[PDB]
2 protein chains.
Amino acid sequence: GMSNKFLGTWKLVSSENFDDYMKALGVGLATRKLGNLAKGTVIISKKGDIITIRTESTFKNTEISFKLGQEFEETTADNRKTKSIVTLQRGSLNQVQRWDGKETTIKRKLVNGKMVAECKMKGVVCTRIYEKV
Amino acid sequence: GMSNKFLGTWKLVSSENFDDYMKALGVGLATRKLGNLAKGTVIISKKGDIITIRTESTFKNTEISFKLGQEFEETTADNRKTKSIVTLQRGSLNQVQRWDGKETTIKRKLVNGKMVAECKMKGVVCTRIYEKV
Ligand SMILES: CCCCCCCCCCCCCCCC(=O)O
Ligand SMILES: CCCCCCCCCCCCCCCC(=O)O
């Protein structure tokens, strides 16, 4: 299952191409400006077979709870209403979000103790690195 | 989770566009001829959180065991070696198979007591209906 190494609290330490990724999602300028400035915190916990990923920032907080491979409704930070599925590939935690015929993916994997989130939307790619606290 | 209504033994009663689907997978003629003639039987069982789908025919038998949303290695009836994931969407059991940069999906759902499998490969679509025994 999901490695317990994911469990814990994660602090953003780097972000690459987040602006263009947001633009591709349809996020407006003023919103992107605050989205880029946000030094977020991601918290991953588990109770039974149910995994929770909570994102905390000044601007917006989010939280999703899910079982692996079981679709669920999500309200994203920019307030898209998606049908989302989280799966496990080579230890990589892969979230896909579908809405209005569109699709984006957020892949989270552990690299040398850091969590590396890679976001993909229409060939636009961003990378965000977190370190555990 | 996966509805217990899937559990049981299923007999093929109809198949539509299976030939073109096989062609799209790269299946050769003589193999397709036996693949089309095959009156298969699908058996779905569960032990804990692990689901097993066994396909039985004279020509070829197959069997896969998996957890929802967790990638696993599969050897298909035509002997492709794929990385596969099974997920749950609106009660639909969705298998995706990836190999050599390619992708195909087999979606299984229950309709009025029948199991309806829809296979997709490069816009080629097939439908196979099963009734429970
Ligand atoms: C601090 C959160 C973003 C606030 C601004 C809204 C931007 C909309 C896009 C939301 C999806 C962001 C996904 C980031 C993935 C991650 O690093 O966990
Ligand atoms: C009786 C099985 C097929 C035998 C011939 C090999 C054809 C290769 C394609 C294998 C995938 C078939 C998927 C069918 C889905 C189903 O109805 O469960």
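Residue 1 is the first one shown; counting continues down the chain.
Structure method, as recorded: X-ray crystallography, 2.1 Å.
Including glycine, each Cβ sits where the backbone N, Cα and C put it.
These features come from Swiss-Prot:
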- A:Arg108, A:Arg128, A:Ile129, A:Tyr130: hexadecanoate binding site (BINDING)
- A:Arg108, A:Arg128, A:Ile129, A:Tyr130: (9Z)-octadecenoate binding site (BINDING)
- A:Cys119-A:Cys126: disulfide bond (DISULFID)
- A:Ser3: N-acetylserine (MOD_RES)
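In sequence order, A:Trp10, A:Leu12, A:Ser14, A:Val42, A:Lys114, A:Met115, A:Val116, A:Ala117, A:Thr127 are the same-chain residues whose CB sits within 8 A of the CB centroid of A:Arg108, A:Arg128, A:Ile129, A:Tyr130, the residues recorded for hexadecanoate being left out. When the recorded positions A:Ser3, A:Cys119, A:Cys126 are compared by Cα distance to A:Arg108 (hexadecanoate binding site), the shortest distance belongs to A:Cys119.
By the rule that a residue counts when its Cβ sits under 6 Å from some atom of ligand 1, the recorded positions A:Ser3, A:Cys126, A:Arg128, A:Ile129, A:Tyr130 yield A:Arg128. Distance from the CA of the residue listed as 'N-acetylserine' to the CA of A:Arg128 (hexadecanoate binding site) is 20 Å. A:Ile129 (hexadecanoate binding site) is surrounded by 17 other CB atoms, counting those within 10 A of its CB over all protein chains shown.
Other C-beta atoms found within 10 angstroms of the C-beta of A:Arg108 (hexadecanoate binding site) number 22, with every protein chain shown included. Sequence-distant contacts (6 or more apart, same chain, Cβ under 8 Å) of A:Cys119 (disulfide bond) comprise A:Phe18, A:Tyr21, A:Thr104, A:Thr105, A:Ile106, A:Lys107, A:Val125, A:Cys126, A:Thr127, A:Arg128.
The distance from the Cα of A:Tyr130 (hexadecanoate binding site) to the Cα of A:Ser3 (N-acetylserine) comes to 16 Å. With the fewest other Cβ atoms inside 10 Å of its Cβ, the least crowded of the recorded positions A:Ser3, A:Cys126, A:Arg128, A:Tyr130 in this structure is A:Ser3.
Spanning the listed hexadecanoate site, residues A:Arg108, A:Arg128, A:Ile129, A:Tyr130 have a farthest Cα to Cα distance of 10 Å.
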